[PDB]
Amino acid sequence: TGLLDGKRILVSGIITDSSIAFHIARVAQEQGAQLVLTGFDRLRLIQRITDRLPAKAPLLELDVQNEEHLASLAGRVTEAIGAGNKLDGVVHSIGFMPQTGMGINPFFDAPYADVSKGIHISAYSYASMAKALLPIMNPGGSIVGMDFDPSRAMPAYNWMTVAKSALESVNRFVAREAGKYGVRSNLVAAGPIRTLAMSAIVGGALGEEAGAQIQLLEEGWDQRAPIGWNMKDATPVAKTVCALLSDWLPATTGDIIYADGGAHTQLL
């Protein structure tokens, strides 16, 4: 009766109703999870977005670069879920890389300050969140972050791909920490999804050549995917995150599950 029946799951990374985290949250609630959400910066916006979720969920502010937000997280969530209750699940669906960065836009021209910001928010924050939240997670718990496969370089994604490589590496370390809590840590490597930001990129936000490359990447995905890939549909990835949040992948950690249509297994 619900994949996630009775689980308390924190879901970060909702910014629009096309956010992967929005779908993760929706599916998680459809599957009986009780949610706490974290949002960055535009919390009035995020509350209005998340009102459309099948169930209400407390929305907490988390700027993953903050420190004080991080320090007060755990307390703020236990307050939201009630004293003596702990998280069963944590979803990191946070990513950012300054344009600079990420297209466009010579790889070599991204200032380290921008790269570092990107890696902070996209990779290091996975350890941050796990640090903040593991003290309030139950044995049998699950931390899941959003990834894409960075094992091979690719056009446009540039330093974001590096940030994913760092994230994957971080996840493997987080798994070592999380294990002491009976908690799993895994990533979901998604195929490309037409999120608002992503649509804006294919639309040229970051230069025509970046857009053209992403579109090429999207098409080759689908072709390569033995079961196809629908970049307009985040549900299969939400479902995969929910599988990791459930008790049905109980021996998997420090790992990456590829919700990418099988594209990464193919080549051509």
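In case it trips you up, residue 1 is the first one in the sequence shown, and so on.
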Which of 249 to 257 and 5 to 13 has higher mean CA B factor, as the PDB entry lists it: 5 to 13
Selected stretch [higher average CA B-factor]: 96 to 104 or 188 to 196: 96 to 104
Identity of residue with top Cα B-factor, from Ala71, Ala123, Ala178, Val162: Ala71
Residue, from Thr78, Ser142, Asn171, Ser151, that the PDB entry assigns the highest Cα B-factor: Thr78
For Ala83, the third of its chain into which the C-alpha B factor falls: highest
CA B-factor placement of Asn66, once the chain's modelled residues are sorted into thirds: highest
Ranked C-alpha temperature factor of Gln47 among modelled chain residues, by third: highest
Lowest, middle or highest third - CA B-factor, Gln213: highest
Chain-relative CA temperature factor third for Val202: highest
